[PDB]
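This report concerns only the one structure given below.
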Amino acid sequence: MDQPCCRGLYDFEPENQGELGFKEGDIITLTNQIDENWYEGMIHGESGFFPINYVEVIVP
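In this text, residue positions in the sequence shown follow this note's numbering: the first is 201, and each later residue adds one.
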């Protein structure tokens, strides 16, 4: 039982299906993944992917 989290350094509005939208300070709960480049998780009530180059995982 463990669900690591991360936080976006820069904001971004979702424009492509499958991706996850968020802003600065937005904490996302990860528990999925696409590849070694972009991960996957959910926020509030939606799922999507978010490359590490846009967030900072708090819990490795």
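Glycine residues also receive a C-beta, built at the ideal position from the N, C-alpha and C atoms.
| query | Do you know whose CA, among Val259, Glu215 and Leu220, lies nearest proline 251's CA? | reply | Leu220
| query | Going by beta carbon distance, what residues of the same chain come within less than 6 Å of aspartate 211, once the five residues before and after it are set aside? | reply | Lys223 and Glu224
| said: Can you tell me whether residue 338 is buried or exposed? The criterion is at least 16 other CB atoms within 10 Å of its CB, across all chains shown. | reply: The requested residue 338 is not part of the displayed model; the chain covers only 201 to 260.
| request: Please classify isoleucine 227: is it buried, with 16 or more other beta-carbons within 10 angstroms of its beta-carbon, or exposed? | output: Burial call: exposed.
| query | Taking C-alpha atoms, which residue in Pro204, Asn253 and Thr229 lies nearest to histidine 244? | reply | When each option's Cα is compared against that of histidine 244, the closest is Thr229.
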